[PDB]
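Just one chain is shown here, as structure tokens, and it is the form deposited in one PDB entry.
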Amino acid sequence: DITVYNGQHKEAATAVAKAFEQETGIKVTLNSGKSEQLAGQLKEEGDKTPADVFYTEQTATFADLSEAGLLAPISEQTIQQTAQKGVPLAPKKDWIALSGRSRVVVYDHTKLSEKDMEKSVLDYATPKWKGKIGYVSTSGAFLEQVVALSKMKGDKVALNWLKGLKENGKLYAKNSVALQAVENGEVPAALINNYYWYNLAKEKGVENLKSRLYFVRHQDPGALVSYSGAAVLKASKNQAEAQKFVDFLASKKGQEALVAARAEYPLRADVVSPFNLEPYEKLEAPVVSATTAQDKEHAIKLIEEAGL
């Protein structure tokens, strides 16, 4: 039996653990919390940690644990199961990316079509979109989008986009609220993440929704994907079962369990999502370094400077 420190949505972690317990008869205990807190906890606990595996919604969390000497190596055959082009790889082969969440533009297809969409996420912050684009500045993925713009295009561009959103956009408290505002006609488009929309479609039926998604693709900064993953702790004295679990998460079965539970993109090429997601490779995500705590502080500074 193993202990998994879990920064992922509880429904995802519960599903894969259950599927694993059913496939192997090995029991999984979840300890759930915020990935950054769990990573600090793993650092402080050190050799004495009870965690066998760290399962996170954000692979960026692994860099600091790897450099601290806290992660075990995983099988290269396992790493290769999800190593599609563009998927982040651990240089020390001591964690693996398993699934992804995408930035997207949601639009009311009763008012707009693809003719009205933009080639670049930058172009939504422009006067064409005054009072017509919703955004969620408090959102973690909004903050990852800002980090990506800084990285890909520089701070001037990033700041200018934020000022453009201040001037032209409608601020919503959360992604679900933005999505509802588009469905309800308050605003004709909004910047959100994919799974909100696919959750609502699965639940209500797409034919009954007024909104649709637009993917910018071509490695635009607005095609940003955030990656979930897993690592074995070097401190574990149950390496065999920890390793068996991380192998399971990369298996067809483990990926199928995840995608049934949550509308994340599987990183195995032979798994479909019942949420009707496109294949990961079609997203054309840009390649962006992992977010650091310094990157996040910097992005928060730009958001403040833009009056947001």
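In this text, residue numbers run from 1 along the sequence as written.
Here the subject shifts to the form deposited in another entry, a form of this protein not shown in this document.
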message: With the chain divided into two rigid parts according to how it moves between the shown form and the other one, are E144 and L277 grouped in the same part or not?
response: yes
- request: Once you account for a change of 3 Å or more, let me know if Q8 and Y135 sit closer or farther in the other form, using their C-alpha atoms.
  value: closer
- line: Shown form as baseline, in the other form, CA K34-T291 shift of 3 Å or more puts them farther
